[PDB]
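In what follows, chains carry the letters A, B, and so on, assigned in the order in which the sequence lines appear, proteins first and then strands, with residues in each chain numbered from 1. No hydrogens, no waters, no symmetry mates; every other heavy atom, side chains included, goes into these values.
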2 protein chains.
Amino acid sequence: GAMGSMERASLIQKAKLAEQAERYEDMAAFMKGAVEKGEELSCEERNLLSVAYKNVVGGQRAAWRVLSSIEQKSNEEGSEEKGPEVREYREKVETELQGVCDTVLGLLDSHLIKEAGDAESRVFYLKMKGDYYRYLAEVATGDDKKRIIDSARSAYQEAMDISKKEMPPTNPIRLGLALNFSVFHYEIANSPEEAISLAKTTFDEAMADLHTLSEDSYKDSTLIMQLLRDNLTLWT
Amino acid sequence: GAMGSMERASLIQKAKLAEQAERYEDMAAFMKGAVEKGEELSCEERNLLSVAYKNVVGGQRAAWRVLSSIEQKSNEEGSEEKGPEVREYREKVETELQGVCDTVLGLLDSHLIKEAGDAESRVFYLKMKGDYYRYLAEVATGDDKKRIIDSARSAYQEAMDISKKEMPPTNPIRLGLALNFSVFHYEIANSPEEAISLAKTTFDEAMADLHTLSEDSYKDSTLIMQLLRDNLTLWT
Ligand SMILES: C=CC(C)(C)OC[C@H]1O[C@H](O[C@@H]2C3=C([C@H](C)COC(C)=O)C[C@H](O)[C@]3(C)/C=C3/[C@@H](COC)CC[C@H]3[C@@H](C)[C@H]2O)[C@H](O)[C@@H](OC(C)=O)[C@@H]1O
Ligand SMILES: C=CC(C)(C)OC[C@H]1O[C@H](O[C@@H]2C3=C([C@H](C)COC(C)=O)C[C@H](O)[C@]3(C)/C=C3/[C@@H](COC)CC[C@H]3[C@@H](C)[C@H]2O)[C@H](O)[C@@H](OC(C)=O)[C@@H]1O
Ligand SMILES: [Cl-]
Ligand SMILES: [Cl-]
Ligand SMILES: [Mg+2]
Ligand SMILES: [Mg+2]
Ligand SMILES: [Mg+2]
Ligand SMILES: [Mg+2]
């Protein structure tokens with residue numbers, strides 16, 4: 001660990017600076033170093049961890065999709081052989097993306113999830129585990145696609161069960177989990193009906209719980225409810 | 001050179017793919033590898049080289065400016081001591097930025113400039129040399145600031161002399177060189193009057209040469225003339 005010699009508090013401070021500078025690779029490395037100090041993460045610290053890797057892998061996924069599209073076009077009828085370069089470079093990006101997902105999943109397994117006892121931390125980390133197996137599933141094609149998909153489903157499902165028992169329907173973590181599990185059903189598991197049912201029931205049950213909330217609360221929950229509505233509008 | 005085993009043509013192909021995927025670090029590494037094959041670069045290849053490093057260093061500069069601003073605020077009256085972290089992380093970004101500039105300058109010196117005989121290639125590379133010394137000047141503070149500034153001025157000046165002798169006033173490379181030399185005068189050399197004079201004469205002399213051009217030509221020259229006008233509007 002190249003961050004082993006830096007104070008935990010300094011790593012957190014620098015992660016916040018990297019966020020302000022949109023240096024997300026740095027941000028992720030600082031937060032990895034903070035996790036590796038062995039102490040549990042606070043609510044604010046968990047958000048820094050997830051934002052950093054979301055942006056790193058997000059850029060890798062966007063690049064992979066561009067290259068995969070070029071590759072597919074190059075393998076159609078009437079296309080001129082370009083050689084191995086497109087496949088090679090797509091494989092390079094894919095392998096780097098898989099490495100980042102493996103790193104995140106290793107942090108969750110060593111040892112964030114096992115030490116997370118409160119619902120808000122346990123559901124948060126299990127959602128992340130589902131998210132990063134989902135990203136692996138987006139690029140998987142070999143004899144492991146089915147196992148990767150089931151690993152994502154299993155993590156999302158355990159997070160769902162906890163969130164329904166321990167969190168109100170408007171809790172932003174519960175809402176973001178349901179949004180992403182719904183995307184998993186639609187895009188990964190070939191289950192659009194399940195995706196639509198989950199997004200609708202999640203939206204409706206949150207709607208009916210809004211009356212319990214303060215005003216300047218739940219800006220993140222309003223945002224996420226709109227994303228559920230956006231997906232239902234695209235899917236129906 | 002980690003690109004030593006890849007074919008030149010494959011490096012160029014992958015640089016174009018990286019551009020489409022907005023993977024500019026990859027793009028720069030592929031183009032560095034292509035330069036290191038020892039053959040001169042075509043017009044299209046020179047553009048790939050400059051776009052790749054422009055985007056890499058551009059992101060580093062934007063991050064450095066964010067951090068430097070935070071650092072300055074932290075060193076004002078009434079500010080709470082945050083410790084060494086802001087300076088440390090600004091120094092980290094600064095050192096990475098300087099390393100990229102050094103790499104580009106080394107490619108120009110080994111051996112792009114010495115083998116560039118045509119005006120369009122020689123002016124192009126000398127403009128790049130001025131640009132990357134300018135980026136070094138933006139962060140320089142020690143006993144080398146003056147020498148760095150003069151290295152930028154010297155490269156821009158030699159490019160200017162060639163461009164005025166060998167290129168029409170509407171040539172896009174000549175125009176972009178004048179635009180950037182004007183920015184050097186304004187932002188680096190504390191010479192706003194020189195910056196304004198250069199931008200105005202460049203604009204006026206290009207205006208008077210437009211009548212020689214074809215229509216679907218010079219989209220890049222129209223774009224650059226507008227940037228000269230934009231700067232004159234900001235500066236006056
Ligand atoms: C990374 C730190 C920063 C940028 C400072 O904060 C990110 C954000 O962190 C919190 O928001 C979380 C959160 C996001 C909110 C939906 C953003 O809301 C607004 C108004 O922008 C998106 C972020 O990625 C983050 C951290 C992700 C999670 C997601 C994590 O799964 C493992 C589950 C849902 C969502 C929850 C955790 C949100 O509470 C806060 O409630 C947000 O504050 C506001 C104005 O709403 C803040 O923007
Ligand atoms: C990197 C390759 C790609 C993205 C394919 O092309 C970049 C661009 O490459 C060319 O444009 C150059 C060029 C740019 C043009 C001003 C862009 O014009 C338009 C319409 O977008 C900006 C680029 O950074 C680039 C390569 C940089 C230079 C600069 C280099 O200094 C060392 C000097 C001025 C300018 C010259 C070289 C331009 O000719 C072409 O003339 C442009 O084609 C069009 C539509 O105008 C193309 O967009
Ligand atoms: Cl590759
Ligand atoms: Cl640092
Ligand atoms: Mg300590
Ligand atoms: Mg615990
Ligand atoms: Mg060869
Ligand atoms: Mg030559």
Side-chain angles (χ1 to χ4, degrees), chain B residues 19 24 40-55 57-58 61-62 65 101 104 108 112-113 116-138 148-163 166-214 217-218 220-236:
Chain B
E19 191 276 322
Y24 293 107
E40 302 185 22
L41 299 192
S42 69
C43 175
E44 171 176 14
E45 293 166 353
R46 294 192 292 271
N47 292 345
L48 295 172
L49 178 68
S50 70
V51 165
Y53 280 106
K54 173 182 224 292
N55 275 277
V57 81
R61 292 163 70 214
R65 290 190 296 268
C101 294
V104 175
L108 297 166
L112 291 171
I113 288 175
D118 294 353
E120 287 214 290
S121 68
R122 192 162 188 84
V123 170
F124 191 100
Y125 293 135
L126 284 170
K127 176 185 169 288
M128 284 186 70
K129 181 172 183 171
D131 287 343
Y132 284 86
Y133 273 113
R134 175 159 60 87
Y135 304 150
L136 291 176
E138 292 176 340
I148 294 170
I149 291 179
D150 203 68
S151 287
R153 186 193 312 273
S154 182
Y156 280 139
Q157 187 63 62
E158 179 177 357
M160 285 291 324
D161 297 340
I162 298 168
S163 76
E166 298 298 335
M167 291 168 208
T170 50
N171 178 284
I173 303 158
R174 177 168 167 185
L175 289 172
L177 164 62
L179 179 73
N180 288 13
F181 198 14
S182 171
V183 168
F184 166 85
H185 290 306
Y186 194 91
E187 296 180 356
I188 305 299
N190 192 26
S191 302
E193 290 180 332
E194 186 71 17
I196 293 169
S197 291
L198 177 54
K200 198 186 189 308
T201 57
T202 301
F203 184 97
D204 293 343
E205 286 159 37
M207 181 60 48
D209 191 55
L210 291 172
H211 75 273
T212 67
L213 306 183
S214 66
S217 161
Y218 77 83
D220 41 7
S221 294
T222 12
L223 183 166
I224 297 163
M225 280 176 79
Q226 180 65 52
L227 300 178
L228 290 161
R229 175 53 55 183
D230 292 335
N231 285 351
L232 287 166
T233 294
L234 184 76
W235 293 343
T236 61

Would you mind reporting whether [Y] and [X] have side-chain heavy atoms less than 4.5 Å apart?
X         : Y         : result
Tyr132(B) : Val57(B)  : yes
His185(B) : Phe181(B) : yes
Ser151(B) : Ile148(B) : no

Can you see which heavy atom on [X] is nearest to which on [Y], and at what distance?
X         : Y         : answer
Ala137(B) : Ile188(B) : CB-CG2, 3.9 Å
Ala206(B) : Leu175(B) : CB-CD2, 3.9 Å
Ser182(B) : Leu198(B) : N-CD2, 3.8 Å
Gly176(B) : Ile224(B) : N-CG2, 3.9 Å
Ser121(B) : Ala116(B) : OG-CB, 3.3 Å
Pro168(B) : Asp209(B) : CB-OD2, 3.8 Å

To the closest 0.5 Å, what do you measure between [atom1] ([X]) and [atom2] ([Y])?
X         : Y         : atom1 : atom2 : value
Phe184(B) : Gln157(B) : CZ    : CD    : 10.0 Å
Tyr218(B) : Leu213(B) : OH    : CG    : 6.0 Å
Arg61(B)  : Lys54(B)  : CZ    : NZ    : 7.5 Å
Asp118(B) : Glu40(B)  : CG    : CD    : 8.0 Å
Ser154(B) : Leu126(B) : OG    : CG    : 9.0 Å

Checklist entry - Is there a donor-acceptor pair closer than 3.5 Å between any side-chain N or O of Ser163(B) and the backbone N or O of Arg174(B)? => result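 Checking the backbone N and O of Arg174(B) against the side chain of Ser163(B), no donor-acceptor pair under 3.5 Å is found.
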
Checklist entry - Does the side chain of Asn171(B) come under 3.5 Å of the side chain of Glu120(B) through a donor N or O and an acceptor N or O? => result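 There is such a pair between these side chains.
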
Checklist entry - For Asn180(B), which residues count as a side chain to side chain donor-acceptor pair (under 3.5 Å) partner, sequence neighbours excluded? => result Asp131(B)

Next on the checklist: Set out, in order, the CA-CA distance, both residues' side-chain angles and the distance that settles side chain to side chain donor-acceptor pair (under 3.5 Å) for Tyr133(B) and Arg153(B), then state yes or no.
Outcome noted: CA-CA 9 Å; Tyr133(B) 273 113; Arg153(B) 186 193 312 273; over 6 Å; no

Next on the checklist: I need the full list of side chain to side chain donor-acceptor pair (under 3.5 Å) pairs touching residues 190-204 of chain B, with sequence neighbours left out, sorted by first then second residue.
Outcome noted: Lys200(B)-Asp204(B)

Next on the checklist: Could you walk me through whether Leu210(B) and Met225(B) satisfy the side-chain contact (heavy atoms from CB on, under 4.5 Å) test, starting with their C-alpha distance in whole Å, then the side-chain angles of each, then the deciding distance to 0.1 Å, before giving a yes or no?
Outcome noted: CA-CA 11 Å; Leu210(B) 291 172; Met225(B) 280 176 79; 4.0 Å; yes

Checklist entry - Taking only residues two or more places apart in sequence or in another chain, which ones pass salt bridge (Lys or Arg N to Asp or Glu O under 4.0 Å) with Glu45(B)? => result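 Only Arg8(B) meet the salt bridge (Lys or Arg N to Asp or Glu O under 4.0 Å) criterion with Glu45(B).
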
Taking distance alone, no hydrogens or angles, what donor-acceptor pairs closer than 3.5 Å link side-chain atoms of residues 229-236 of chain B to residues at least two apart or in another chain?
from, atom 1, to, atom 2, distance (Å)
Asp230(B), OD1, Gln226(B), NE2, 2.8
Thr233(B), OG1, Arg229(B), O, 3.1
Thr236(B), OG1, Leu232(B), O, 2.5

Item to check | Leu177(B) and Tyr156(B): CA distance, side-chain angles, deciding distance, side-chain contact (heavy atoms from CB on, under 4.5 Å) verdict | outcome: CA-CA 7 Å; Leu177(B) 164 62; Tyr156(B) 280 139; 3.7 Å; yes

Checklist entry - Which residues satisfy the side chain to side chain contact (heavy atoms under 4.5 Å, CB included) test with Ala155(B), sequence neighbours excluded? => result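 Result, side chain to side chain contact (heavy atoms under 4.5 Å, CB included) vs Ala155(B): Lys129(B).
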
Run the side-chain donor-acceptor check on residues 46-53 of chain B: report pairs under 3.5 Å with partners two or more places apart or on a different chain.
from, atom 1, to, atom 2, distance (Å)
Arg46(B), NH1, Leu41(B), O, 2.9
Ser50(B), OG, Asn47(B), O, 3.1

Item to check | Derivation and outcome, side-chain contact (heavy atoms from CB on, under 4.5 Å), residues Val123(B) and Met167(B) | outcome: CA-CA 10 Å; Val123(B) 170; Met167(B) 291 168 208; 3.2 Å; yes

Checklist entry - So, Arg122(B) and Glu158(B), do they make that salt bridge, N to O below 4.0 Å? => result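 Yes, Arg122(B) and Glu158(B) are salt-bridged.
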
